[PDB]
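Accompanying notes for the structure given below.
Chain A is the first sequence line, chain B the second, and so forth, proteins listed ahead of strands; every chain is numbered from 1.
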Amino acid sequence: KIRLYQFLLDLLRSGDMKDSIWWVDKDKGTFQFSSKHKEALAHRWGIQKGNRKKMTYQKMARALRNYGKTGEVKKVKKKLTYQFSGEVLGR
DNA sequence: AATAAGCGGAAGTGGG
DNA sequence: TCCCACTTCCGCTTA
Ligand code: NA
């Protein structure tokens with residue numbers, strides 16, 4: 001199964017949910033979710049994974065926080081904003 | 001209060 | 001056995 005960080009990077013590359021997620025500074029790998037439209041993106045993640053329950057943005061962000069220690073995605077001190085690592089961006 | 005983002009410990013599920 | 005990569009649940013903090 002695709003990993004969450006890859007799901008998000010693929011959405012940013014394809015532009016399929018441009019009203020739910022966007023680059024802030026693509027060169028730095030910073031991206032931001034829509035306050036009003038992030039739930040639709042979370043729903044898509046859960047359906048892609050085949051999870052038992054409906055996915056919510058809260059649960060998706062709970063998973064995102066676990067990448068902080070290994071570095072694939074870090075939280076930025078701006079609303080709904082995160083940053084991919086250079087390794088993730090280069091792969 | 002109502003609303004929202006952010007946090008993480010703990011236990012459960014998947015597929016190795 | 002026991003880690004992977006989350007998922008689910010719950011309670012708390014700050015604005
Ligand atoms: Na929120």
Would you mind reading off the distance between [X] atom [atom1] and [N] atom [atom2], rounded to a whole angstrom?
X: A:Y5; N: C:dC6; atom1: OH; atom2: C1'; value: 13 Å
X: A:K77; N: B:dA5; atom1: NZ; atom2: P; value: 16 Å
X: A:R3; N: C:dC4; atom1: CZ; atom2: P; value: 10 Å
X: A:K49; N: C:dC4; atom1: NZ; atom2: P; value: 15 Å
X: A:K69; N: B:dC7; atom1: NZ; atom2: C1'; value: 17 Å
X: A:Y82; N: B:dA5; atom1: OH; atom2: P; value: 10 Å
X: A:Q32; N: B:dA5; atom1: CD; atom2: P; value: 11 Å
X: A:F7; N: C:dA5; atom1: CZ; atom2: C1'; value: 16 Å

Of B:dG6, B:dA5, C:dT7, the nucleotide closest to the side chain of A:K38 is B:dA5
Could you go step by step and tell me if A:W45 and A:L11 meet the side chain to side chain contact (heavy atoms under 4.5 Å, CB included) rule?
CA-CA 11 Å; A:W45 169 236; A:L11 285 182; over 6 Å; no
For A:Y67, which contact category applies under a 4.0 Å heavy-atom criterion: base, sugar-phosphate, or nothing?
sugar-phosphate
Just to be sure I understand the rule, does A:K36 reach a base, reach only the sugar-phosphate, or reach nothing, if contact means heavy atoms closer than 4.0 Å?
nothing
Below 3.5 Å, can you tabulate the donor-acceptor pairs from side chains in residues 74-82 of chain A to any protein atom, sequence neighbours excluded?
unit_1	atom_1	unit_2	atom_2	d
A:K75	NZ	A:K78	O	3.0
A:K75	NZ	A:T81	O	3.1
A:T81	OG1	A:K79	O	2.8

Do the rings of A:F84 and A:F31 sit parallel, tilted or perpendicular, given the 30° and 60° boundaries?
parallel
Do any side-chain nitrogens or oxygens of [X] fall under 4.0 Å of OP1 or OP2 in [N]?
X: A:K79; N: B:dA4; value: no
X: A:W45; N: C:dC6; value: no
X: A:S35; N: B:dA4; value: no

Which parts of nucleotides 8-15 of chain C does protein reach within less than 4.0 Å, heavy atoms only, written one letter per nucleotide 5' to 3' as B for base, S for sugar-phosphate only and - for none?
BSBB----
Nearest heavy atoms of A:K54 and A:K59, plus distance in Å:
O-NZ, 2.8 Å
Side chains of A:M55 and A:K49: closer than 4.5 Å at any heavy-atom pair?
no
Under 3.5 Å, is there a donor-acceptor pair between the A:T56 and A:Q58 side chains?
no
Can you list every stem that DNA chain C is part of, counting only runs of 3 or more consecutive Watson-Crick or G-U wobble pairs with both distances under 3.5 Å?
B:3-13 with C:5-15
Heavy-atom donor-acceptor pair, A:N51 side chain to A:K53 backbone, under 3.5 Å
no
Is it true that a side-chain atom of A:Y67 and a backbone atom of A:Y5 form a donor plus acceptor pair closer than 3.5 Å?
yes
Using a 6.0 Å distance limit plus a 45 degree cone around the ring axis, check whether A:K38 lies over the aromatic ring of A:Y57.
yes
